[PDB]
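Report on one structure; see the data block that follows.
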Amino acid sequence: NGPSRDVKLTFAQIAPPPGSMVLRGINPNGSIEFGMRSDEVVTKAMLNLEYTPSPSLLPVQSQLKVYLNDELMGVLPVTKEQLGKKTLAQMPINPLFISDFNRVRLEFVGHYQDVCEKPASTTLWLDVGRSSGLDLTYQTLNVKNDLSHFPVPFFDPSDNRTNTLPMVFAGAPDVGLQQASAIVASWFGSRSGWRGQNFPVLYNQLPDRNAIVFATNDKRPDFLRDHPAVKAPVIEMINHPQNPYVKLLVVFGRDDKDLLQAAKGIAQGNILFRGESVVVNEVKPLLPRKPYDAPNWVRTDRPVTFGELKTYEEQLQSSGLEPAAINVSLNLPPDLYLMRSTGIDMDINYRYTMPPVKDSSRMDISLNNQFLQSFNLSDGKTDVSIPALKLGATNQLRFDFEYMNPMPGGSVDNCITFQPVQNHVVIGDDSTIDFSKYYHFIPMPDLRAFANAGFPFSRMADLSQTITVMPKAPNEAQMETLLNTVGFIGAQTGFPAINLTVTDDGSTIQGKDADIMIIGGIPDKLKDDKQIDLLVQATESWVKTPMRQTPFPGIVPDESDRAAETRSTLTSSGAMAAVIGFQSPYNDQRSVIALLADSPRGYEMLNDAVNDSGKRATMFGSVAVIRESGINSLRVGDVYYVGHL
Amino acid sequence: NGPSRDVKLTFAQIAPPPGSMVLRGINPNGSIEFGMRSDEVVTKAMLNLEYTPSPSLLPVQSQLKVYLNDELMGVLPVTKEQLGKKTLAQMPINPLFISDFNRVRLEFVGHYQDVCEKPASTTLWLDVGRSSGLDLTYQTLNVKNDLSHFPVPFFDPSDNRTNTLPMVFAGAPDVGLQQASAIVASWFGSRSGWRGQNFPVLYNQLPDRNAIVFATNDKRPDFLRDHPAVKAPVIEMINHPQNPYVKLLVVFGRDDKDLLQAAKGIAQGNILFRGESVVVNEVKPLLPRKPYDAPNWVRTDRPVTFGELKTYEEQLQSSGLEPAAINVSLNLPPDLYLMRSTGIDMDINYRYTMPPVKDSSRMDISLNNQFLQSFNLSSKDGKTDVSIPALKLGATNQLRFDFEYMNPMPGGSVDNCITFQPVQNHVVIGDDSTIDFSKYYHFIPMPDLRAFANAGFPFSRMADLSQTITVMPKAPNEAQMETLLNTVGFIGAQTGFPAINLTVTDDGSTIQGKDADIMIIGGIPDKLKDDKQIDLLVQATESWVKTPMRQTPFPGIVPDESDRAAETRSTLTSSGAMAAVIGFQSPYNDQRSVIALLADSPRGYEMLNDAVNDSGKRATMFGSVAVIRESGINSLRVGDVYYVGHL
């Protein structure tokens, strides 16, 4: 029973990003990870494989396995007729052994010779193209409607696709309802993370997927007039009237303040939800939050070790003939400045297997897929000084242990045969890396830090000093934009934006020390035509060219190039979205980020750009124009520095 | 559907200059790169290979794999019969995996012995000839017809051939239309770059490719009829009446000034073009530019680092058993006066993998296949100070770092052969290395057109060509406008900024006593031909030229008035075709060069266009005067010498 959704997971979107996988004699294991939502069951799962073997393989003494969680579903041999030709084969997968997180590992065995075959040879191989994929049909089930499994029915940690969570309001939400929805969206985005977050908004329209309903006891939305009035803000999870297989989270409250309290409780106090109709009464804070204090970001007050950067169990160790590279991800804030220019120093405590004779087997430490240093294996506390040349908002530190075993091969008349021995490597969760020798001072008119990390607004993980303006009685598009940008800012960090301030009139902006986030439109007191570009009046627009556009500028920007040259104004008939970052006239340190659009199609394109991440990482400079043909960015305007010294 | 053109590109051009690629045990990977126009789909994708293996290779244990985008299309095994004979093969490439940029990779696996094969040996080799290219067809689809993708429908950065963008007019263009077309051509050439730009000129006729038509609400091309009269410079993107596959960019307007406004907007305000029928209303500048400031030339205000000389992301890093040569192309202006031979001092900071033992592994620096210096890889990195003598720096040179590794892999004893896999070594240069050019001055002799053929110095001293005046004849024909557009686009492509503030005049009355360079496209005015610095004059079947009294194939860096003295002015007449490129001093300012591009017959104009279009011919241009005939370009340095610049 319930709707059935056919799913085809191509080999490109689930395998590592070389596209295809090659199974040699030293690396014959090819892994593919997928997951189950924990509320659906997989039925009629089949694995297609379009692979090419090597022509030097033996027909019967060389086959390939298909292991599903250490369970052999079937073995495929290579016939003499299909030794070098393209081979297509479909294998039925038993859905009984499927679990929440499954790993299909293909093991390849090959024997090009029979009396003197040598491993690590490039004559035997079997490569699977990226045209294959898994074909499986998920079948939804009926959950127990228990709030203890929260946010299980709305967000599962075993999923890989974007988390689309529509939020149905009651129509024209006021500032309080907007703030509550923003807090909930920030929490959901922080829980999701890299999976992607999308928050559609509808008015008096029940969606197909699981959604969250917001009520006020006065402006009751549709299909809730029959529900009786409440005395306190309650959180209830009821079924959808049409189809019970989708669940709706109804939030009630006497007024907007009770709704905000309920949202705050859902954000923080969600570890003790019990049964159904949870009543939240008292949620108060004890102490404020320190700046630059985000879970995902690295701690700068003390030296950080590798134990707090694992997010895994066996990440700092490997095995096998060719020990895979050990990757550790460092999430640093985009506000880092070093005048000493000596570079960050780390104490590596790597250990390895002592080879028989020194054969120049090495280990390479690389950063951002760029070689950094090498160390010969001939168990240490090496001090490595990383030159700060690509340390942005996110990077990857990769230790690759390159080995070559000087194994003998006998004489011309007597060749010896054996099996190659494996070697293990491990770094150890005790290697520290210093990050307190850096300062927080950067020239910040650009949008790269905002698109990648949300710096001007995510200085405090809770967004305490953040004022977001919104037009009077917003429509669905502006609310969707606000929810999406807030969820993105929350996902870049690890804490929900709970203390954000949503306003509607510009009077509150006057005389207030906090960053500004324009969504609907720039107010009258702003857009003084100074240090502001891309004013779009829904009819025409003008853009300034900064006298030069050179890719890959220097680390420290120059002011002779970043200067307005010509102001080109023009009227059009299409749709565009403008992301503009500039300085606030009230405070020098604070900034103003404006995401505006000219037409409903422009708002849709802006929401799509903010939702995804492929088109967001390619945004930099102080101005970004998103048109029907993609996003183009440029760096124009004055330069103002945020930070002390 | 649509027309399907068949092109068979060979490995002679899409491969390194040597053409043939030999796959050995050190670099068994051969690369062949080609782009996709993003507007036409591939439908045939057939590859032809002509390869010769080595006789020592084993038949079955050796083979040749062919990846398209890291996906194995097909594998060709060696056969005992074709062990040492030339082998021809055909491969059907799957067009369902083509992308904007495809890199076909040929990998060679070698096995000549079973017990012990010496890695990186010389007996293992499989060569491929330079007549083994691909055969593929392109089927053009229907474009969405929107300006948001502009200038993709009219110029794609993925192609490699010259973008022939024919510009259409209505006959007898005026000065405003001339300068507007020049601005558009300059912007298109700047966007194209080294791809080469050709701008054919059509009058009142319709092309068969992507073109740009101009209109002023008056004197229209006669095929824009029934179109409403516009009140502003609207820019629409309409289809061709004959076949809707090719698109035509129509630039309407009210007068000749509106066309100039539209051209300026297209050149500078092309970032917010959306939908179709984009109408500009105001495009004004905020501040002027500075001399010797081009988006493509290096900046002399301060020492520039290697981070601005990349044009890529992984250019300064290479991997493999033998890392490839790291090439960085820096284009400096030819005005640098370094006759003192002080040398450019650069602080290079290179990182590499330390070998197990000092084994003469070293890096070599080269400047145009030269040898600047060598640094051993056993010095136990660092800010190495390298002094490059300026006695060879031109205007489009490059710098090549070659890391030669003497990888000492063991081989075992006399009785035991130790076989293994050779570990690779990486290498990176880094973006922290710097090279200074601010401590130099601008002062050079300019009775020379080499700096004009390369980097277009005289006119491109300023990026926007502010003080640049181009004279034109009365009612220019197709050839004159074509050569004007071609030279303007070439100047714009050599630089990075479009020529916007240049002046185009139909008479020599404005150049009298005006501080600006002079570019003669047609004939020399009667007032300027009285000068004595006219080395070569091309009249109606009457040409004369002087002789420098000597000519060395490799002249010194310092000019000598004695070696280039004028002697034996010889005149003659004929009935052939010949174009002339002359450069002399202006008699109005004493520090501004006048360059003229003369031609007499239409064949001469076509020859001049073909010469100034491609860089292969322009590279041969040097000296003070150049003659272009059916046999090519021959240049000589005659006349007096005048030193332009300061100090």
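Identifiers in the structure tokens: chain A, B, ... in order shown; residue index from 1 per chain; ligand index from 1 in order shown.
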
Proximal residues of chain B relative to chain A (only C-alpha atoms; 6 Å) as a PyMOL selection string: chain B and resi 60-61+115+148-149+269+274-275+278-287+308+353+356+415-421

Exercise: residue 341 (chain A) partners within 12 Å, only C-alpha atoms, chain neighbours under 3 positions left out, as a VMD selection string: (chain A and resid 336 to 338 344 to 345 385 to 389 437 to 439 555) or (chain B and resid 432)

Residue 285 (chain A) environment, 12 Å, only C-alpha atoms, sequence neighbours closer than 2 positions dropped, as a PyMOL selection string: chain A and resi 261+264-265+268-269+282-283+287-289+498-499

DSSP says strand (DSSP E or B) for which residues of region 341-370 of chain B? Put them as an mmCIF file with N, CA and C atoms, in the first residue's frame?
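The resulting result36.cif:
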```
data_model
loop_
_atom_site.group_PDB
_atom_site.id
_atom_site.type_symbol
_atom_site.label_atom_id
_atom_site.label_comp_id
_atom_site.auth_asym_id
_atom_site.auth_seq_id
_atom_site.Cartn_x
_atom_site.Cartn_y
_atom_site.Cartn_z
ATOM 1 N N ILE B 344 65.846 41.372 -14.746
ATOM 2 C CA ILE B 344 64.679 41.315 -13.872
ATOM 3 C C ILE B 344 64.941 40.293 -12.776
ATOM 4 N N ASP B 345 64.824 40.725 -11.525
ATOM 5 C CA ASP B 345 65.085 39.876 -10.370
ATOM 6 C C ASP B 345 63.762 39.353 -9.827
ATOM 7 N N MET B 346 63.619 38.031 -9.785
ATOM 8 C CA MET B 346 62.411 37.384 -9.297
ATOM 9 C C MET B 346 62.759 36.426 -8.166
ATOM 10 N N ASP B 347 61.882 36.360 -7.169
ATOM 11 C CA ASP B 347 62.056 35.493 -6.006
ATOM 12 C C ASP B 347 61.130 34.293 -6.183
ATOM 13 N N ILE B 348 61.683 33.202 -6.695
ATOM 14 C CA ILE B 348 60.918 31.987 -6.952
ATOM 15 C C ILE B 348 60.958 31.105 -5.714
ATOM 16 N N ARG B 351 58.270 24.197 -4.591
ATOM 17 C CA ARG B 351 58.194 23.045 -3.706
ATOM 18 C C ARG B 351 58.198 21.772 -4.538
ATOM 19 N N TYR B 352 58.853 20.736 -4.021
ATOM 20 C CA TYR B 352 59.015 19.490 -4.753
ATOM 21 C C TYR B 352 59.151 18.345 -3.761
ATOM 22 N N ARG B 362 67.272 17.913 -10.915
ATOM 23 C CA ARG B 362 67.359 19.365 -10.884
ATOM 24 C C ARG B 362 66.242 19.979 -11.713
ATOM 25 N N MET B 363 65.978 21.255 -11.448
ATOM 26 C CA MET B 363 65.032 22.044 -12.217
ATOM 27 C C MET B 363 65.788 23.042 -13.083
ATOM 28 N N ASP B 364 65.268 23.270 -14.285
ATOM 29 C CA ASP B 364 65.862 24.191 -15.241
ATOM 30 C C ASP B 364 64.836 25.243 -15.628
ATOM 31 N N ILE B 365 65.280 26.496 -15.691
ATOM 32 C CA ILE B 365 64.434 27.615 -16.090
ATOM 33 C C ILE B 365 64.761 27.967 -17.533
ATOM 34 N N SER B 366 63.724 28.188 -18.338
ATOM 35 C CA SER B 366 63.883 28.495 -19.749
ATOM 36 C C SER B 366 62.970 29.651 -20.130
#
```

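Proximity to residue 488 (chain A) was assessed for A:452, A:315, A:1, A:148 counting only C-alpha atoms; the smallest distance is recorded for A:452.
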
Spatial neighbours of region 520-525 of chain B, 8 Å, only C-alpha atoms, chain gap at least 3 places, as a PyMOL selection string: chain B and resi 470-473+480+483-484+508+528-529+594-599

DSSP-assigned alpha helix (DSSP H) members of region 443-614 of chain A, reported as a PyMOL selection string: chain A and resi 448-452+476-492+600-611

Output file for the selection above: N, CA and C atoms, as an mmCIF file, in the first residue's frame:
```
data_model
loop_
_atom_site.group_PDB
_atom_site.id
_atom_site.type_symbol
_atom_site.label_atom_id
_atom_site.label_comp_id
_atom_site.auth_asym_id
_atom_site.auth_seq_id
_atom_site.Cartn_x
_atom_site.Cartn_y
_atom_site.Cartn_z
ATOM 1 N N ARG A 448 31.718 36.259 -1.591
ATOM 2 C CA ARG A 448 32.218 34.890 -1.530
ATOM 3 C C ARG A 448 32.114 34.332 -0.117
ATOM 4 N N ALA A 449 32.519 35.116 0.884
ATOM 5 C CA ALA A 449 32.404 34.666 2.265
ATOM 6 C C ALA A 449 30.951 34.471 2.669
ATOM 7 N N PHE A 450 30.038 35.256 2.093
ATOM 8 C CA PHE A 450 28.623 35.094 2.412
ATOM 9 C C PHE A 450 28.047 33.853 1.744
ATOM 10 N N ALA A 451 28.393 33.625 0.476
ATOM 11 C CA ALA A 451 27.855 32.475 -0.241
ATOM 12 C C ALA A 451 28.442 31.167 0.267
ATOM 13 N N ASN A 452 29.681 31.191 0.755
ATOM 14 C CA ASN A 452 30.348 29.975 1.204
ATOM 15 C C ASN A 452 30.166 29.726 2.695
ATOM 16 N N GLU A 476 4.477 34.771 -1.174
ATOM 17 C CA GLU A 476 5.140 33.488 -0.969
ATOM 18 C C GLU A 476 6.601 33.533 -1.397
ATOM 19 N N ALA A 477 6.920 34.312 -2.431
ATOM 20 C CA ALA A 477 8.277 34.315 -2.968
ATOM 21 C C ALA A 477 9.270 34.901 -1.971
ATOM 22 N N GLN A 478 8.942 36.057 -1.392
ATOM 23 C CA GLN A 478 9.861 36.693 -0.454
ATOM 24 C C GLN A 478 10.028 35.856 0.808
ATOM 25 N N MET A 479 8.937 35.262 1.296
ATOM 26 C CA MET A 479 9.035 34.390 2.460
ATOM 27 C C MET A 479 9.897 33.173 2.158
ATOM 28 N N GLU A 480 9.738 32.595 0.967
ATOM 29 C CA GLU A 480 10.571 31.463 0.579
ATOM 30 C C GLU A 480 12.037 31.865 0.521
ATOM 31 N N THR A 481 12.324 33.045 -0.034
ATOM 32 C CA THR A 481 13.703 33.518 -0.095
ATOM 33 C C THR A 481 14.288 33.679 1.302
ATOM 34 N N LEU A 482 13.532 34.306 2.207
ATOM 35 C CA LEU A 482 14.005 34.487 3.575
ATOM 36 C C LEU A 482 14.280 33.145 4.239
ATOM 37 N N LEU A 483 13.325 32.219 4.146
ATOM 38 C CA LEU A 483 13.501 30.915 4.772
ATOM 39 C C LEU A 483 14.716 30.194 4.205
ATOM 40 N N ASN A 484 14.898 30.247 2.884
ATOM 41 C CA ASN A 484 16.006 29.531 2.266
ATOM 42 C C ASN A 484 17.348 30.127 2.671
ATOM 43 N N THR A 485 17.467 31.458 2.663
ATOM 44 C CA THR A 485 18.740 32.063 3.041
ATOM 45 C C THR A 485 19.046 31.821 4.515
ATOM 46 N N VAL A 486 18.022 31.860 5.373
ATOM 47 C CA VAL A 486 18.250 31.595 6.789
ATOM 48 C C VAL A 486 18.675 30.147 6.996
ATOM 49 N N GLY A 487 18.028 29.212 6.298
ATOM 50 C CA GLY A 487 18.420 27.818 6.415
ATOM 51 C C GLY A 487 19.826 27.570 5.908
ATOM 52 N N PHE A 488 20.214 28.260 4.834
ATOM 53 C CA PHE A 488 21.574 28.123 4.326
ATOM 54 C C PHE A 488 22.589 28.658 5.330
ATOM 55 N N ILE A 489 22.317 29.829 5.910
ATOM 56 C CA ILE A 489 23.220 30.385 6.914
ATOM 57 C C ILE A 489 23.329 29.445 8.106
ATOM 58 N N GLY A 490 22.212 28.840 8.512
ATOM 59 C CA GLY A 490 22.247 27.916 9.633
ATOM 60 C C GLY A 490 22.967 26.622 9.316
ATOM 61 N N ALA A 491 22.872 26.157 8.069
ATOM 62 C CA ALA A 491 23.542 24.920 7.687
ATOM 63 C C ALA A 491 25.043 25.120 7.544
ATOM 64 N N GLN A 492 25.473 26.287 7.058
ATOM 65 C CA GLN A 492 26.904 26.567 7.012
ATOM 66 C C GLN A 492 27.513 26.492 8.406
ATOM 67 N N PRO A 600 8.448 37.896 -10.503
ATOM 68 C CA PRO A 600 8.283 36.576 -9.872
ATOM 69 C C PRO A 600 9.257 35.539 -10.398
ATOM 70 N N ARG A 601 9.530 35.547 -11.705
ATOM 71 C CA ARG A 601 10.534 34.642 -12.250
ATOM 72 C C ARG A 601 11.908 34.942 -11.663
ATOM 73 N N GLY A 602 12.206 36.221 -11.435
ATOM 74 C CA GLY A 602 13.466 36.569 -10.799
ATOM 75 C C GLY A 602 13.557 36.050 -9.378
ATOM 76 N N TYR A 603 12.464 36.168 -8.619
ATOM 77 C CA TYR A 603 12.446 35.618 -7.269
ATOM 78 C C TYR A 603 12.622 34.106 -7.294
ATOM 79 N N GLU A 604 11.993 33.436 -8.263
ATOM 80 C CA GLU A 604 12.144 31.989 -8.377
ATOM 81 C C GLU A 604 13.590 31.614 -8.675
ATOM 82 N N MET A 605 14.225 32.326 -9.607
ATOM 83 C CA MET A 605 15.622 32.046 -9.922
ATOM 84 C C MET A 605 16.519 32.302 -8.717
ATOM 85 N N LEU A 606 16.241 33.366 -7.960
ATOM 86 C CA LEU A 606 17.042 33.655 -6.774
ATOM 87 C C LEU A 606 16.888 32.559 -5.728
ATOM 88 N N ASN A 607 15.654 32.105 -5.500
ATOM 89 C CA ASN A 607 15.430 31.025 -4.546
ATOM 90 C C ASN A 607 16.123 29.747 -4.996
ATOM 91 N N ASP A 608 16.085 29.456 -6.297
ATOM 92 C CA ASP A 608 16.757 28.264 -6.802
ATOM 93 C C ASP A 608 18.267 28.367 -6.621
ATOM 94 N N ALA A 609 18.835 29.548 -6.874
ATOM 95 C CA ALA A 609 20.273 29.724 -6.712
ATOM 96 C C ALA A 609 20.682 29.592 -5.251
ATOM 97 N N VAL A 610 19.894 30.168 -4.340
ATOM 98 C CA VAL A 610 20.232 30.083 -2.923
ATOM 99 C C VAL A 610 20.036 28.664 -2.405
ATOM 100 N N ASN A 611 19.091 27.917 -2.978
ATOM 101 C CA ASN A 611 18.823 26.565 -2.498
ATOM 102 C C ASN A 611 19.969 25.623 -2.842
#
```

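When CA of residue 571 (chain B) is paired with CA of residue 549 (chain B), their separation reads 16.3 Å.
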
Nearest residue to residue 367 (chain B) from the set B:379, B:570, B:387, B:586 (distances using only C-alpha atoms): B:387

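Proximity to residue 154 (chain A) at 10 Å, evaluated using only C-alpha atoms and with sequence-adjacent residues fewer than 6 positions away removed, yields residues 163, 164, 165, 188, 209, 210, 211, 212, 246, 247, 248 and 249 of chain A.
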
Limited to N, CA and C atoms, could you put the picked residues into a file as a short mmCIF file (atom, residue, chain, number, x, y, z; two decimals), in the first residue's frame?
```
data_model
loop_
_atom_site.label_atom_id
_atom_site.label_comp_id
_atom_site.auth_asym_id
_atom_site.auth_seq_id
_atom_site.Cartn_x
_atom_site.Cartn_y
_atom_site.Cartn_z
N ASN A 163 16.58 17.91 1.24
CA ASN A 163 15.48 17.81 2.20
C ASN A 163 14.49 18.93 1.91
N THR A 164 13.45 18.61 1.16
CA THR A 164 12.39 19.56 0.83
C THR A 164 11.32 19.49 1.91
N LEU A 165 11.20 20.55 2.71
CA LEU A 165 10.26 20.60 3.83
C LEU A 165 9.35 21.81 3.66
N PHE A 188 16.26 23.24 11.04
CA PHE A 188 16.20 22.13 10.09
C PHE A 188 17.41 22.13 9.17
N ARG A 209 4.22 16.48 0.40
CA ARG A 209 5.23 15.97 1.32
C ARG A 209 4.89 16.38 2.75
N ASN A 210 5.68 15.88 3.70
CA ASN A 210 5.50 16.26 5.10
C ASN A 210 5.80 17.74 5.27
N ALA A 211 4.95 18.43 6.03
CA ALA A 211 5.04 19.87 6.20
C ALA A 211 4.82 20.24 7.66
N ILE A 212 4.98 21.53 7.94
CA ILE A 212 4.79 22.09 9.28
C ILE A 212 3.75 23.19 9.18
N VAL A 246 1.27 10.74 4.70
CA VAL A 246 2.08 11.94 4.90
C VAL A 246 1.65 12.58 6.21
N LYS A 247 2.62 13.10 6.96
CA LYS A 247 2.38 13.66 8.28
C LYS A 247 2.57 15.17 8.26
N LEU A 248 1.81 15.85 9.11
CA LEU A 248 1.87 17.30 9.25
C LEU A 248 2.13 17.66 10.70
N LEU A 249 3.05 18.60 10.92
CA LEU A 249 3.38 19.08 12.25
C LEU A 249 2.65 20.40 12.48
#
```

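Of the listed residues A:76, A:26, A:636, A:516, the one whose atoms come nearest to residue 49 (chain A) is A:76, with distances taken using only C-alpha atoms.
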
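Residues in contact range of residue 124 (chain B), defined as at most 7 Å between only C-alpha atoms, with sequence neighbours fewer than 2 positions away removed, read residues 24, 25, 54, 57, 110, 112, 121 and 122 of chain B.
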
Using C-alpha atoms, can you write the selected residues to a file as a compact mmCIF listing (two decimals), in the first residue's frame?
```txt
# COMPACT_ATOMS: atom_id res chain seq x y z
CA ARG B 24 56.91 4.67 -23.21
CA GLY B 25 57.24 3.33 -19.68
CA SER B 54 57.37 -2.46 -30.60
CA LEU B 57 55.82 -6.36 -26.80
CA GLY B 110 53.82 -2.67 -21.95
CA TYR B 112 58.07 -7.57 -23.02
CA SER B 121 62.92 0.73 -20.30
CA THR B 122 63.46 1.80 -23.91
```
